[PDB]
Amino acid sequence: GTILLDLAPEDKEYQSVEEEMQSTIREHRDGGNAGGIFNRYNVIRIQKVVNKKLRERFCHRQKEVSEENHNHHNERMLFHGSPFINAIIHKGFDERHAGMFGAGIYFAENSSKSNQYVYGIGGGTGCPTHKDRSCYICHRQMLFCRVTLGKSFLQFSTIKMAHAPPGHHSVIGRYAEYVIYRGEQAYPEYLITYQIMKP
């Protein structure tokens, strides 16, 4: 099954991920409505996710994508946030649960943007305990994942697509939203447990 590797705060790895999480905070059109109001996370712990089977599907899909894209993975580390993280680290991303660019699995370069989703679309009703979307008490989680974009399609309006266009493997949707339509194309590498910190 899935085991979690407990990175150390003094790990050059750990540090690299918190810096990506910390440096990609930004302001959002909703004025902090969904994700709450903060300038910085209090990173409780960072964990590397290890799953035999998920690595295998990810590796296998990696080859097909490659053959169809001048033999390049075109992989990327992107943040994903969801109320579904527990199932994702245990069974991987599932497009059968899959928006502005169709029935896909969404990622983004800004940790803050994924933060909006940890309690659901538009932040839902905030933490279960304090019903607070800006809650500074409750621990949140997100994922820094390896994503196989393959040959990306670029959409510029909103479109309801089920799969990437032929010859493509992902959709970059315009801030850009990274969308794949196959779970295998993302592995959930880093489980991040954190708090938003009152400014």
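Throughout, we count residues from 1 along the sequence that is shown.
The deposited sequence places 1 to 3 unmodelled residues between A98 and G99.
A chain break between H60 and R61 is not present, all residues of the deposited sequence in that interval being modelled.
Averaged over their C-alpha atoms, the temperature factors of 185 to 193 and 16 to 24 are higher for 16 to 24. The stretch with the higher mean CA B factor, choosing between 139 to 147 and 63 to 71, is 63 to 71. Placement of the Cα temperature factor of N51 within the chain: middle third of the modelled residues, per the deposited record. Per the deposited record, the Cα B-factor of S111 falls in the middle third when ranked against the other modelled residues of its chain. Ranked by Cα temperature factor within the chain, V118 sits in the lowest third according to the deposited record. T125: CA B factor in the middle third of modelled residues in this chain (values from the PDB entry). Looking at the C-alpha B-factors along this chain, the one for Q155 belongs to the highest third.
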